[PDB]
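There is one chain below, alone, in structure tokens, taken in the form solved without the DNA.
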């Protein structure tokens, strides 16, 4: 309701852009976080503060909710599961 500024875009859309931006089309959980700061500098100010741990959890709900994302079995012995968009469309 009070969304504005860069755009009332949903986080699912911003996460899709990051994966779509990558060539292999694959990113780990930590990469989404770093990419958001890169694709959304407005978060650089919070990086110097603990408040960073807040918005990061919100993203975690999107990864679990909306099967839009598929889980990948990391060969690194499940060190960091890779997130990918479903190939049925996108």
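Numbering follows the first chain given and starts at 1.
Omitted from view is the form solved in complex with the DNA, to which the following refers.
In the deposited bound form, at least one heavy atom of residue 10 sits within 4.5 Å of a heavy atom of the DNA. Contact annotation for residue 39: none of its heavy atoms lies within 4.5 Å of the DNA in the deposited bound form. Although the partner is absent here, residue 35 is not a contact residue: none of its heavy atoms lies within 4.5 angstroms of the DNA in the deposited bound form. In the deposited bound form, the DNA sits within 4.5 Å of a heavy atom belonging to residue 61. Contacts between stretch 20-58 and the DNA, counted in the deposited bound form as any heavy atom lying within 4.5 Å, involve 29, 30, 33, 50, 51, 54, 57, 58, listed in sequence order.
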